[PDB]
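Written below as structure tokens is the structure these notes are about.
Values in this text are rule-based calculations from the coordinates and carry no lab data. Cβ coordinates were reconstructed from backbone atoms using ideal geometry, including for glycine residues, and neighbour counts include every protein chain displayed.
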Amino acid sequence: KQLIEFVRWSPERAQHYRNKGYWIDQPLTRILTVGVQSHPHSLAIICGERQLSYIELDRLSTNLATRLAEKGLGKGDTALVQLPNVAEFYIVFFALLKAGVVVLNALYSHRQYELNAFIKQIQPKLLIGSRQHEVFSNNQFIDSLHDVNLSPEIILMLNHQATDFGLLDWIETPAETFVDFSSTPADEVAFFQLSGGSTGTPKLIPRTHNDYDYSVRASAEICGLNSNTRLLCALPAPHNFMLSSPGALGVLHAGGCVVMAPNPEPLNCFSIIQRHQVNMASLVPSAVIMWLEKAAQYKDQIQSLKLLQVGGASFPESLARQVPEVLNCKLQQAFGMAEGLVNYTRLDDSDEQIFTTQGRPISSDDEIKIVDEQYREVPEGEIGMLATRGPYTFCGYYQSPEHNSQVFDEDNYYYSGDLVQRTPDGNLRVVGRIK
Ligand SMILES: Cc1ccc(C(=O)O)c(O)c1
Ligand SMILES: [Ca+2]
Ligand SMILES: [Ca+2]
Ligand SMILES: [Ca+2]
Ligand SMILES: [Ca+2]
């Protein structure tokens with residue numbers, strides 16, 4: 001009966017974020033509902049040979065939602081999803097948003113240790129994975145959950161076996177009966193993001209409809225997405241970078257099309273880029289380097305690329321300058337975190353800004369502090385610890401009041417651990433990490 005708990009923004013901040021237009025109090029499904037009304041037959045997802053229109057995506061995720069509702073899964077319930085980079089991932093995502101099930105998307109690279117940690121934390125009644133994944137190749141993991149009174153009520157499986165509930169079977173057919181369902185309320189939790197760089201298992205980050213949709217809508221505008229955008233999704237679909245900054249969600253928000261890749265391997269990616277005339281991609285520096293090593297041989301396959309986001313790790317100026325020279329597309333640098341704050345270089349920034357900085361916050365109401373060890377602000381220019389709060393930055397990890405007291409100060413700034421300096425033009429330079 002009780003919605004998943006989380007740490008709320010103050011009412012004065014919530015009102016402000018509504019007054020500014022950031023929070024519009026719509027569920028994340030808004031992206032899909034609006035696309036369906038404006039352009040139902042535009043492509044939403046390209047995945048191998050498949051083409052999913054906006055309305056196909058809408059129908060398929062509604063189907064799964066009705067089947068989960070039929071089974072008693074809804075508001076108050078949680079789900080663990082571990083899917084590879086395929087269209088089913090987004091059908092499942094929009095199905096759980098529609099049903100009011102708070103979902104944690106594990107990384108496809110996560111193994112038993114992490115999944116066990118996640119299951120113990122959110123006690124999901126729904127588990128969705130793939131039989132092709134190492135963990136579900138047999139039934140030992142699924143069986144172990146019973147031994148700890150932690151079995152889900154329902155397990156759905158991609159590449160299922162006969163005795164399994166087939167994920168595609170629950171997606172292709174709506175439920176026989178009708179049960180009502182609805183999203184969690186817009187200022188309540190929609191799903192769980194996962195921390196990056198945390199010591200042990202990644203910590204759970206509750207994200208509400210309001211704050212996630214805002215960061216999606218604002219990123220989309222800042223990266224110039226429109227209905228012609230075709231964005232390669234080669235990083236892990238669940239990752240904050242690939243899902244929302246601007247990510248698949250940002251492209252759906254703009255009415256465009258996401259184009260799937262299993263991973264960033266250059267030759268397969270180059271092929272997909274040529275086959276579907278991909279014009280945007282988002283990569284971490286290690287993958288950029290892999291593409292740089294092969295781009296000259298395949299200039300022709302990747303010509304249609306227009307814009308590359310790069311972030312997630314150190315990206316020195318000398319590498320950045322190769323992007324336009326070798327990959328033949330504009331560069332956009334980003335520095336974000338699944339906890340909230342996302343920075344982009346702007347499309348009209350100077351070349352020095354794009355090449356030597358990681359940009360500036362999405363929102364004019366992102367508040368930044370850069371502090372020393374005595375937590376006093378450093379003089380402009382100097383290196384400090386980054387602390388931040390804003391209309392899409394969380395207020396605390398799930399069920400972690402001890403840790404939360406350590407990484408938030410009295411004014412509820414979040415201390416991300418990143419070291420940064422603010423350049424004279426106003427942009428940020430990510431310079432290292434701190435314990
Ligand atoms: C835009 C962006 C870039 C990097 C990350 C990250 O977490 O590494 C992110 O969340 C968002
Ligand atoms: Ca189709
Ligand atoms: Ca639009
Ligand atoms: Ca190009
Ligand atoms: Ca961090």
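Take each peptide in 161-169, 342-350, count the other Cβ atoms within 10 Å of every residue, and average; sorted highest first, the result is 342-350, 161-169. Once each part is reduced to its C-alpha centroid, what is the distance from region 184-241 to region 333-384 in angstrom? Measuring centre to centre over Cα atoms gives 19 Å.
Which of these, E373, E339, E265, has the largest mean-square fluctuation under a Gaussian network model of the chain (Cα springs below 10 Å)? Of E373, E339, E265, the most mobile in the Gaussian network model is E373. The charge dipole of the chain, taken about its Cα centre with unit charges on the Cβ atoms of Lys, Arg (+1), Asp and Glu (-1) only, comes to about 560 debye.
Above 15 angstrom, tally the Cα pairs of region 281-332 and express them as a % of all pairs, no decimals. Tail of the P(r) past 15 Å holds 36 percent of the pairs.
Each residue, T199 and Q399, gets one label point 7 Å from its Cα in the Cβ direction; the gap between the two is 2.0 nm. Normalised by the number of residues in the chain, the average gap of Cα pairs under 8 Å and 6 or more apart makes the relative contact order 14 percent.
Modelled this way, with points 7 Å down the Cα-to-C-beta line, the labels at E410 and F178 are 5.7 nm from one another. Averaged over residues, the count of other Cβ atoms within 10 Å places the peptides 62-73, 128-139 in the sequence 62-73, 128-139, highest first. Ranking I273, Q332, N427 by Cα position along the charge dipole of region 208-433, where only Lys, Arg, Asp and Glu carry charges on their C-beta atoms, puts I273 farthest toward the positive end. Net charge dipole, region 53-182: roughly 280 debye, given to the nearest 20, about the Cα centre with Cβ charges of +1 for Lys and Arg and -1 for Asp and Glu. Put +1 on the Cβ of each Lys and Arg and -1 on the Cβ of each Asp and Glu in the chain; which of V102, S219, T62 then has its Cα farthest toward the positive end of the dipole? With unit charges placed on the Cβ atoms, the residue in question is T62. Top mean-square fluctuation among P361, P324, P391, Gaussian network model of the chain, C-alpha springs under 10 Å? Largest GNM mean-square fluctuation: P324. The fraction of all Cα pairs in the chain landing in successive 10 Å bins from 0 to the largest distance is 4, 22, 32, 27, 13, 2, 0, given as whole percents.
Normalised by the number of residues in region 244-374, the mean separation of alpha-carbon contacts (under 8 Å, six or more apart) gives a relative contact order of 17 percent. In a simple Cβ point-charge model (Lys, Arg +1; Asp, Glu -1; nothing else charged), region 339-417 has a dipole of about 220 debye relative to its Cα centre.
Set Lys and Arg Cβ to +1 and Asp and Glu Cβ to -1, take the dipole of region 345-428 about its Cα centre, and tell me which of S416, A387, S400 lies farthest positive. The residue sitting farthest along the positive end of the dipole is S400. With contributions of -39500 (n - 2.57) from each DSSP H run of at least four residues, the per-residue ellipticity at 222 nm computed over the chain stands at -9000 deg cm²/dmol.
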